[PDB]
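Two forms, one chain: they're shown below as structure tokens, one block per form, named structure 1 and structure 2.
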Structure 1
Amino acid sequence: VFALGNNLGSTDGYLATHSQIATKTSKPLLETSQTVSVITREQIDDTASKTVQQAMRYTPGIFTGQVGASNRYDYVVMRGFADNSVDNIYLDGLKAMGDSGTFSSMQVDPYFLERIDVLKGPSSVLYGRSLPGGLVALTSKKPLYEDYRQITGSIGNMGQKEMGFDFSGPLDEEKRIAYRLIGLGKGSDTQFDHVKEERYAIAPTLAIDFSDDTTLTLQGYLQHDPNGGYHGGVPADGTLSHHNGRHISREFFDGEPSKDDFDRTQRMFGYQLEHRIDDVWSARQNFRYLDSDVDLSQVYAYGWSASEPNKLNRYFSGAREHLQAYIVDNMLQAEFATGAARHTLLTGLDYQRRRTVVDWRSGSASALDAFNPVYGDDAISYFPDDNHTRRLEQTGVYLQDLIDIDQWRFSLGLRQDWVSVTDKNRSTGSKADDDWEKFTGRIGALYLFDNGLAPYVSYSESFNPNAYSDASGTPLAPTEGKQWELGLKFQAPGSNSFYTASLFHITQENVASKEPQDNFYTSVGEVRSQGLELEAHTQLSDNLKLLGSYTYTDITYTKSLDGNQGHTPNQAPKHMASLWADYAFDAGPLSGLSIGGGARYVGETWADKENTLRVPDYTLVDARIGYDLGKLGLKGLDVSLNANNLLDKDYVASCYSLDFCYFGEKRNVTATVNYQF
């Protein structure tokens, strides 16, 4: 079997045994000196997680509430790092290649995924530019070598509707060629008035074995979102407190007129080539091209009107964006012994090239009453247009040696990146340009006791281009993450249970900062995140599956020029916890029935960086019920019922500032039918 670039991990219920996210080569979770979580297909289905972001709500060290109920983008806040949270997603070993300085961030639909792997903390040594919180790797469904056919249909509240199919199998007598074809159409009204979500997608994959030494997998992914749900927010003033009227803004309130529009087309093609040279030497090339179009028209609230008392001031954003992106990763691995030491030595060259053409519009809109709005006044007073061509190039050369000797498992990593970023202002003709090089490193040591207890330590580094620029308008120095991590993992042999504790201390340097009167940003800011994560997978009964998590996060601006030094970032709960359980009857009359549910806790959050107002804590409840009607003599047919936020709590999930607060999703009920053959 082929380790390089594959997880190759067994999965049973909600627990995987192996990953490649931390190493680019199959490694037991138990023998990996980093915090790795895995969210299985079964967990996604059982919790009715409708997006990647929602799939993470049972994982420690992840906050799922950055823009509350919005499903437009996947925001995964890791270890309290909210900034550039959209850019944490990798798909099939490759950076998604969205542009986080634009509206062109992509979304991968969960129905195409086999599993979600989550790596905590700085991880640039294998991936290049990334955030200090970690990163998420989506693994797409791959061709099967036995015929597999699934049709599925879902119906819910809020006008939810989905149909999908998933067909796979061999094409030849010899079973050397196999396909998979997955398609999907879906819709929702949301909780919000006048809002639609809508998506049509298809993903063909073909896998071909040339010999026992070579597999090529060809992949396409075409997705059209002609509607983009809701992506707004409203003041703390009337959400966290009553405003004037003694009113609160409703969880269904819509701040825009029907001059609203979000149209996203994503067109991806790629391949994965796996080649065994020797029992020692293996090589792999992962490639993906992306081409997307985004069209946006959005009127949004921004603060209360100075003159008109229960009306919100509004503005308009308009965008027409075309994103092109190439990414390739070239890996060569040698597995070999030198005396008592076994080496798994990886060398790699990767390359990212991105161009985003953006035509931006903006203006002033009419004011809107925040209770009993009257739509139809959609005239916009337009400000100056703002058109850009943005380019990024990243070349990475990296080395890694995993050294296993006796019960020790060591990891040594080094990477050099050459980065070039350009911004051509097509309105003004001016061009900002920037080229630099960064070295990142990682060192891990883990001791595997033969009882399945594994203490470890890790030092790991990250960088990311700075989103801010100086006086001159050449960008600041890239931010930098540095983490010391101490952990303990434990799995009792055979028992399908797995427990981890992780302690972390992350420093992020060269963060943009200024005096508030000041014009120039300088790269003198610093952020420190430290804490504890606990994760438990317990499979008792063989009919009973449990997940539990606890997260403690202490994050602070340790150096700031703006008066917020020593404050806690907003959108950063100190305390979170979760628990999910699922029971299946094999035994009795009830064979085929399954019942499940859980609870999620988010602690209090600051609504603002100035730390003047709290978002209250909240506990949410989820539940499910499933039946295999196979058991009653009609095979491959099963149904499920899910309710997330079962008590229908009406709450603010988080705030970006005092002006922008986001409601959590109201009760979401779905009924699903799955038909195999």
Structure 2
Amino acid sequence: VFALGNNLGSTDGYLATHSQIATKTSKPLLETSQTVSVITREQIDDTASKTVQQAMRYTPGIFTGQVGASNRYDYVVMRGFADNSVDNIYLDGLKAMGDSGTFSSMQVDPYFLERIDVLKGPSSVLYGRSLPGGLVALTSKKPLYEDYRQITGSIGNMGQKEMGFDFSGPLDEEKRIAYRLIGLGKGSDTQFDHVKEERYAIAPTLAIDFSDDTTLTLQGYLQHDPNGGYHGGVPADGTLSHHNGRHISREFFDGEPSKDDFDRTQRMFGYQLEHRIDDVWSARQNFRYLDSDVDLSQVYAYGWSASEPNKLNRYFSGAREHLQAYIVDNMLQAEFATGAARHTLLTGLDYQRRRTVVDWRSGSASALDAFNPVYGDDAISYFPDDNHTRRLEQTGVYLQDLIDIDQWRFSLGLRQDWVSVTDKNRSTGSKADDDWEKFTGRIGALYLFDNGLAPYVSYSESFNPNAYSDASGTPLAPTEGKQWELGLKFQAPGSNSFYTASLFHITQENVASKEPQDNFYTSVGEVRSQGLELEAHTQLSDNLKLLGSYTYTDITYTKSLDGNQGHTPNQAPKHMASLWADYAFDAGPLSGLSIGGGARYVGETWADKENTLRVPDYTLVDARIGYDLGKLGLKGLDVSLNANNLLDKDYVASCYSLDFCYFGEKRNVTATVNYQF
């Protein structure tokens, strides 16, 4: 029922059957001509992820470690495209609406979600401004039409506090009206010294059934991060090498406790409206408005001091940003048939308007003795202020037809966009003002075999506004992703196991490169990613579940005046592989017990785009044990005990630069308890 803007599959533990992220209507994973991965609530829960970015540790084509063990932002690197990777999250069908050009990027706390879909490659024909990596859609919890009431509390190493509830049920006699109220306060320290994480989040949801054929859902999300944990980055020289014989803490705080602040207040409001006209015509409208306050004040290590032996330079950055943004998507779907062809035709109009105000401050601070340092001097030789107002408008009209004929399943997509990005410098009084029309197209064919085997070709296209200056101080013409993808999807009919293989080849044009001392960017640049993703979910018995993934990424600068042509980028492991298992007990003394575990393997990261040194291929173990002490005879009460990186390793995640390497997260430990009623 409905299926326009709805997934409507069946999840069985770690595997789902349908997804619309590649479709904007429920189409089963096995018939869709794109690379989709679903991360279930159970996957997130069992695997003890604290972050959207953490959830996808076990997913092929995804690099989790762009900024290492810092839970401030969600850096998801899809197929080795890391430039812009914060701008990749879609919430309940609509863009997150952050500013990857300021500090105002959002975090959706997994507790509020129940499902993560992930699409790969150029995904713009339905979504618009997007990356050639792909994108990630968070389907949050919706109202349940019968009482579900649960409370949690997790304690962990690193002084981790979590406590949350999730209440839902019908308010109505006729049960046409249902609600949901999620909420969670959440503390933590981090491995890092003098950093504290906080979050306080609530989420009311009200779902109404007016007719049999019409349903309006009302959405609200308030989230307060009074502290942002850690976000610094320390040099290659004392991490990858020894720096004069010693080489930095796994807890090293490059900042200043005196002057350490991160304050993000996320206030969202929206609705999803669904109306069925005919058994042919259904139309949906999704809207969201966002309002976010970000206050930063960080002092950070930028490379070694010439004049002091074992101390780093420290520079200040400070922000007060208020962002306003609203996005709407209006769709119109005809399910109809014409001779043997089942036409599933969508036309769509989406509009998003964003406006950021930014007050940026910066300067010099004291240097810091990198091994066993002393804190206390916190004056700043400020630089000039830099205050902007950034606007962005985006109007999108798109049209899509899924043709079912015999065993063939065809996807056609066409989209027009009209973008307008503005950057008024309030300090200078100078405003850059650029407008763009670009046209994207997708085309995807797949034969479904009666045995449940399905090859598919697919060609798709991406676009996104450049983040650079036209050596005239103007936004450059936007970057363009093109993809050939070939793949093989398979599921025997009486199995609960699913197999994906993807061959991809993605070129991305007009990416900002220049002559090195010369500092005036030109847009003739090109990046080329190709490879093969292998993803496997398998049931053996009712208690056994498995995940296995393999990823080969050949990413190159096909053009760069940087001097880096033929240079493969940093933060892009050529190979990657992961595995996860979970065993429960049917009957006997161990019934209600679930032991689980797996491992992740990352390949070699380059520290720099000139490719001067690689980063140790690191390889981590995650484990857990859970007793549903409901088998004792306390029904609805259950405990989990999880631990990540069981070998408590001190590795670096990756490096942006040689001056900037990010530490891998240490052994995280959970113990958590749940009652339901």
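Here, rigid core means the biggest group of C-alpha atoms that superpose within 1.5 Å across both forms. Residue indices: 1-based, along structure 1. Shifts are known only where both forms have a C-alpha.
Comparing C-alpha positions between structures 1 and 2 after a rigid core fit, one residue in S430, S258, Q407, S305 moves 2 angstroms or more. It is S258.
Comparing the forms between structures 1 and 2, the C-alpha position of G153 differs by less than 2 angstroms, with the core used for superposition. With a cut-off of 2 Å and the rigid core superposed, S249 has a Cα displacement that reaches or exceeds the cut-off between structures 1 and 2. Core-superposed comparison between structures 1 and 2: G603 shows a Cα shift of 0.4 Å.
Aligning the rigid core between structures 1 and 2 leaves the CA of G494 offset by 2.7 Å. When the two forms are fitted on their rigid core, the residues between structures 1 and 2 that move as a run of three or more, each C-alpha shifted by 2 Å or more, fall solely in 245-258.
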